[PDB]
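For reference, the structure is listed below as structure tokens.
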Amino acid sequence: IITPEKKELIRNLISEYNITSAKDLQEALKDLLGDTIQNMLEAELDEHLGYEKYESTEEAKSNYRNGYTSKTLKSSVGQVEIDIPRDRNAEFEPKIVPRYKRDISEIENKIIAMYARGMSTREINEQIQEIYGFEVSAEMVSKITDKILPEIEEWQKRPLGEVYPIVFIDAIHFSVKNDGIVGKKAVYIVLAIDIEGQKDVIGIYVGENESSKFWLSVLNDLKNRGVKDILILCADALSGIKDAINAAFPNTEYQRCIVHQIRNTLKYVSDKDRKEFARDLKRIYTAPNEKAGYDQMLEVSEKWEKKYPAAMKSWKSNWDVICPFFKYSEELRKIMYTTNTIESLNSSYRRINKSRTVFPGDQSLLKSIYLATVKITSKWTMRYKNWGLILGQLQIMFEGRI
Amino acid sequence: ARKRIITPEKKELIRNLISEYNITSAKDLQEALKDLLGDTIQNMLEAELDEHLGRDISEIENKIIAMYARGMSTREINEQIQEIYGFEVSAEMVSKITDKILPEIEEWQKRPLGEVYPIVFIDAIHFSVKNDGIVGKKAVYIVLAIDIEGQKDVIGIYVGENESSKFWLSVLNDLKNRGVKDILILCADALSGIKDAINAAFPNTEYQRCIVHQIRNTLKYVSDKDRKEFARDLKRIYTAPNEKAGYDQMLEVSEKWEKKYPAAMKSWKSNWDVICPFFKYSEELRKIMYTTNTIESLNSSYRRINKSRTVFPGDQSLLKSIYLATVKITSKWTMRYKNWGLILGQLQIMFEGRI
DNA sequence: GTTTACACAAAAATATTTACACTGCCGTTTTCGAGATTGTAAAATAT
DNA sequence: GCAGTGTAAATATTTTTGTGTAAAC
DNA sequence: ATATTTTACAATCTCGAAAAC
């Protein structure tokens, strides 16, 4: 309190609105808000209709002002009862409060943020009832979160770059209702690295289970958003990726995603033999050449086949596709296989969808994944390290490309 | 007060502020009220802790308690309260607001209990807290029983720093002082002095090792890929019709899984003789026994309330937090069980005079 | 007279239930990425 | 088995609107 | 001439989540 005018106003308020004790101050703030809204509405009515309170009109008019209504509003202070009459001919639109609005839009964004951070619709209802006094149903949360569908439709069709050096495709499965039955559907997330060294999600796609055409529709969409050339594409073995990648971007060299390979093989090992097993596995892909990597593969397979025999079978079966990973440099392959690039997104999505399991509709799952995606990408404004050297090696490998 | 007609001398106080703050929308007035009243509310609340020598309370303090109930840190509560009022929340402030509910928790921990409870579970969770300026590890034990009416109200909470038989006996005697005479079933993980105090207080009470902790502690050793089959085998372990068939299924799964996880089934084979056999009760009770997701729900909530990495010093703050977290849920899962009549009939047939 | 104020049906526009068609077997410590507060001296300011 | 879920459809709950008359001027 | 503030300058400390025991 440094303003003398506002301090005199505060004194007039405390001596005028009968401030008594702690139980009375909240009711006094509520009635203060109500009376301020009443004064503003009376001013707006006298300015719009023009006729003052019992003022001798100069001309003979046929219109009048009469009515009685009670609008039980609610705001940040809590539910507030108020009442302001209307005009006779039912022609008066209050601008401070709309003709049917009863809430405060300053908290709608916070409701959206609460839904995005992981809280459920009923949990948001409980919290709002606890801290804000008034009740907001779960269907109100659903309407609030539906009110941002055009924002998602606009986000998924934004202008992209020209050439992306590395782009990963990651599949994550969830439970959704379709055609009246709950099933397990996979939503795919495309995460690319920009030539500036930045990292950001390109797009999200749900449905059209394991179709070669669907992948092309994704790739063509990438083209329609303005993509011309992809150098590296890391993706787990799926139905129509490898087929469609040659149909859309034949110059794109394709490699099987290594971040899923290292994670999927540790599913067979125990919770205690994970530090050592990873260490040896780390030497499998940090080998200088492909023959050294194959030899380390044989060594670790023979070492851990006694306890976990089915762990290295996937490596031995797919090593032919794992081969094109030893072409890239160490500083670039490290960026390729690092856990924070892909596993962080999956862990965050699982951490936000731990409560929500059975999404009623693909729209709800898309909305949830989009909100989680924005909440994570809001923190990826950092550049990569040693990006100049990586870009030099990339231009050396792919001449005339970047 | 049939109408909202007030003294018309407030129009000056309304108009001066509405013309100074340039209030063209409700947002302007809403952001102005907090700026004008935050310091006032802060300077008024800083005197409530001094008004006492050191009956509900104000609504703002109830809101702060509700915020502290969800498991929010002081910074989260500070942001949440600046979004409305605009002032900051200190450690002494939240400490006083939590201390103001000391009579309620002290009367709840001294609340008169029932007489005979058919089934009682006890779950222990350990945390690290600062006390008297030293960091230590204290264990809080929660006793949750189901009454003969079929309800599942929480019985009590007790914190200590010792797995000693003396403390356990003192807890049981405290429960006796609360007016309990007979407990029929006691579900508890293997601890140091459990069986000693159980035989000292209720020797006729049949005591069995809690199976929900056994399946959780045994599945911790298996891998993330060989967990579905291992779970299926354990399901065949505890869904067996008789106790000997269950013993045979346990031997089978042990001999099958000793090649990959030798130390996983060792606890089962080691403790099957002394506490494992729960197979006297019927399946209508055995299902509720091995599916009691309420204990794990409470434990998961307690883990979710651990946003404060180390709890605020002194045992009183952790006790307050655990009490409010337990009450906020138990006030809404006080509903009846299903097919409880059959279980009660089986219990009265098994325990004729209710021992 | 002039103008408002007000109880009541009737209509319009939201907020809350209801139903649904299913899902769900989980730690402790280390490290990390920032955020907040302030150490710390010293550079500018002044009682 | 008990506890959750996000939203389509369906109620339930206000607000607001037609007044025909009583009050404030 | 010294005492006071605030301010660069980070510097340290602290603190809320993913990662790894």
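To be explicit about the labels: the chains of the structure tokens are called A, B, and onward in the order shown, and within each one the residues are counted from 1, while ligands get numbers from 1 in the order they are shown.
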* Asked: Any idea which chain B residues end up within 7 Å of chain D if we count only C-alpha atoms (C1' of nucleotides), as a PyMOL selection string please?
  -> chain B and resi 287-288+291
* **chain B contacts to chain A at 9 Å (only C-alpha atoms) as a VMD selection string** => chain B and resid 3 to 4 6 9 to 11 13 to 18 24 to 27 29 to 30 33 35 to 37 39 to 40 44 to 45 57 to 60 62 to 64 66 to 67 70 84 220 to 226 259 to 261
* Would you kindly report the residues of chain B within 9 Å of chain E, using only C-alpha atoms (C1' of nucleotides), as a ChimeraX atom specification? => /B:73,307-309
* Pick from C:34, C:45, C:25, C:9, whichever lies nearest to chain A using only C-alpha atoms (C1' of nucleotides) ->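 Nearest to chain A: C:34.
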* Asked: Looking only at the backbone, which of the residues in segment 259-298 of chain A does DSSP tag as helix (DSSP H, G or I), as a ChimeraX atom specification?
  -> /A:259-265,275-285,290-298
Where does chain C meet chain A within 10 Å, residue by residue, with the nearest atom pair and distance in Å to one decimal for each, counting only C-alpha atoms (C1' of nucleotides), listed by chain and rising number, as a tab-separated table?
residue	atom	partner	partner_atom	distance
C:2	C1'	A:54	CA	8.2
C:3	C1'	A:54	CA	6.1
C:4	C1'	A:66	CA	5.7
C:5	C1'	A:67	CA	7.0
C:6	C1'	A:68	CA	6.9
C:7	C1'	A:68	CA	9.6
C:13	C1'	A:100	CA	7.3
C:14	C1'	A:100	CA	8.0
C:15	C1'	A:137	CA	7.1
C:16	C1'	A:137	CA	6.4
C:17	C1'	A:137	CA	9.9
C:20	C1'	A:360	CA	8.6
C:21	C1'	A:182	CA	6.3
C:22	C1'	A:182	CA	6.0
C:23	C1'	A:357	CA	5.9
C:24	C1'	A:357	CA	8.6
Residue subset to file, keeping N, CA and C atoms (P, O5', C5', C4', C3', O3' and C1' of nucleotides), as a tab-separated table (two decimals), in the first residue's frame:
chain	number	residue	atom	x	y	z
C	2	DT	P	-49.31	8.69	-18.90
C	2	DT	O5'	-47.92	8.99	-18.16
C	2	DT	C5'	-47.32	10.28	-18.28
C	2	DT	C4'	-46.09	10.38	-17.39
C	2	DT	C3'	-45.01	9.33	-17.65
C	2	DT	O3'	-43.73	9.90	-17.45
C	2	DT	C1'	-45.72	9.15	-15.43
C	3	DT	P	-42.57	9.72	-18.55
C	3	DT	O5'	-41.59	8.63	-17.90
C	3	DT	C5'	-42.07	7.32	-17.62
C	3	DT	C4'	-41.64	6.88	-16.24
C	3	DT	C3'	-40.89	5.54	-16.20
C	3	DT	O3'	-39.85	5.61	-15.24
C	3	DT	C1'	-42.75	5.43	-14.79
C	4	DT	P	-38.35	5.25	-15.66
C	4	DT	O5'	-37.99	3.97	-14.76
C	4	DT	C5'	-38.97	2.98	-14.51
C	4	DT	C4'	-39.06	2.65	-13.03
C	4	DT	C3'	-38.55	1.27	-12.65
C	4	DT	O3'	-38.15	1.26	-11.28
C	4	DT	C1'	-40.86	1.34	-12.30
C	5	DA	P	-37.29	0.04	-10.69
C	5	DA	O5'	-38.39	-0.89	-9.97
C	5	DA	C5'	-39.12	-0.39	-8.86
C	5	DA	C4'	-39.89	-1.49	-8.14
C	5	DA	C3'	-39.23	-2.86	-8.12
C	5	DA	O3'	-39.57	-3.52	-6.91
C	5	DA	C1'	-41.27	-2.99	-9.33
C	6	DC	P	-39.08	-5.02	-6.61
C	6	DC	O5'	-40.32	-5.92	-7.06
C	6	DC	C5'	-41.62	-5.63	-6.56
C	6	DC	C4'	-42.57	-6.79	-6.82
C	6	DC	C3'	-41.90	-8.15	-6.99
C	6	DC	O3'	-42.73	-9.16	-6.46
C	6	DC	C1'	-43.10	-7.64	-8.94
C	7	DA	P	-42.52	-9.69	-4.96
C	7	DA	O5'	-43.59	-10.87	-4.83
C	7	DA	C5'	-43.52	-11.99	-5.70
C	7	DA	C4'	-44.87	-12.28	-6.34
C	7	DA	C3'	-45.06	-13.71	-6.81
C	7	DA	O3'	-46.44	-14.03	-6.83
C	7	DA	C1'	-44.97	-12.29	-8.68
C	13	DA	P	-32.01	-20.06	-27.16
C	13	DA	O5'	-30.96	-20.25	-25.98
C	13	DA	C5'	-30.86	-19.25	-24.97
C	13	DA	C4'	-30.03	-19.75	-23.80
C	13	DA	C3'	-28.90	-20.71	-24.17
C	13	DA	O3'	-27.76	-20.44	-23.38
C	13	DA	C1'	-30.30	-21.73	-22.59
C	14	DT	P	-26.31	-20.96	-23.84
C	14	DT	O5'	-25.43	-20.88	-22.51
C	14	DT	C5'	-24.83	-22.05	-21.99
C	14	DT	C4'	-25.37	-22.37	-20.61
C	14	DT	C3'	-24.57	-23.43	-19.84
C	14	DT	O3'	-24.31	-22.98	-18.52
C	14	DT	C1'	-26.85	-24.00	-19.86
C	15	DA	P	-22.92	-23.33	-17.80
C	15	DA	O5'	-23.31	-24.48	-16.76
C	15	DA	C5'	-24.44	-24.33	-15.92
C	15	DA	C4'	-24.56	-25.47	-14.93
C	15	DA	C3'	-23.29	-26.27	-14.67
C	15	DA	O3'	-23.28	-26.71	-13.31
C	15	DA	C1'	-24.93	-27.66	-15.74
C	16	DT	P	-22.34	-27.91	-12.81
C	16	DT	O5'	-23.30	-29.18	-12.86
C	16	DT	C5'	-24.60	-29.09	-12.28
C	16	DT	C4'	-25.30	-30.44	-12.22
C	16	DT	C3'	-24.45	-31.62	-11.77
C	16	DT	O3'	-25.27	-32.53	-11.05
C	16	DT	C1'	-25.25	-32.03	-13.94
C	17	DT	P	-24.66	-33.49	-9.92
C	17	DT	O5'	-25.30	-34.91	-10.27
C	17	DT	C5'	-25.37	-35.33	-11.62
C	17	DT	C4'	-26.62	-36.13	-11.90
C	17	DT	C3'	-26.46	-37.63	-11.75
C	17	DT	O3'	-27.74	-38.24	-11.67
C	17	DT	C1'	-26.50	-37.06	-14.04
C	20	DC	P	-25.91	-48.73	-20.21
C	20	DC	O5'	-24.46	-48.39	-20.80
C	20	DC	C5'	-24.31	-47.34	-21.75
C	20	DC	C4'	-22.92	-47.38	-22.35
C	20	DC	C3'	-22.18	-48.68	-22.13
C	20	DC	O3'	-21.37	-48.97	-23.25
C	20	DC	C1'	-20.95	-46.93	-21.17
C	21	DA	P	-21.83	-50.07	-24.32
C	21	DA	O5'	-20.45	-50.55	-24.95
C	21	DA	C5'	-19.41	-49.60	-25.14
C	21	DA	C4'	-18.19	-49.97	-24.32
C	21	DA	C3'	-18.04	-51.46	-23.99
C	21	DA	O3'	-16.77	-51.93	-24.41
C	21	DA	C1'	-17.60	-50.14	-22.11
C	22	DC	P	-16.44	-53.51	-24.43
C	22	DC	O5'	-16.36	-53.92	-22.89
C	22	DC	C5'	-15.10	-54.18	-22.27
C	22	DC	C4'	-14.34	-52.89	-21.99
C	22	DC	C3'	-13.10	-53.05	-21.13
C	22	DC	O3'	-11.99	-53.36	-21.97
C	22	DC	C1'	-14.38	-51.13	-20.44
C	23	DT	P	-10.57	-53.73	-21.32
C	23	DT	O5'	-9.75	-52.35	-21.39
C	23	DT	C5'	-8.44	-52.28	-20.85
C	23	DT	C4'	-8.38	-51.31	-19.69
C	23	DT	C3'	-7.36	-51.67	-18.60
C	23	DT	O3'	-6.21	-50.83	-18.72
C	23	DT	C1'	-9.46	-50.87	-17.70
C	24	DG	P	-4.74	-51.47	-18.59
C	24	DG	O5'	-4.51	-51.55	-17.01
C	24	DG	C5'	-4.42	-50.36	-16.24
C	24	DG	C4'	-4.70	-50.63	-14.78
C	24	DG	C3'	-3.89	-51.77	-14.16
C	24	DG	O3'	-2.97	-51.25	-13.21
C	24	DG	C1'	-6.18	-51.81	-13.48
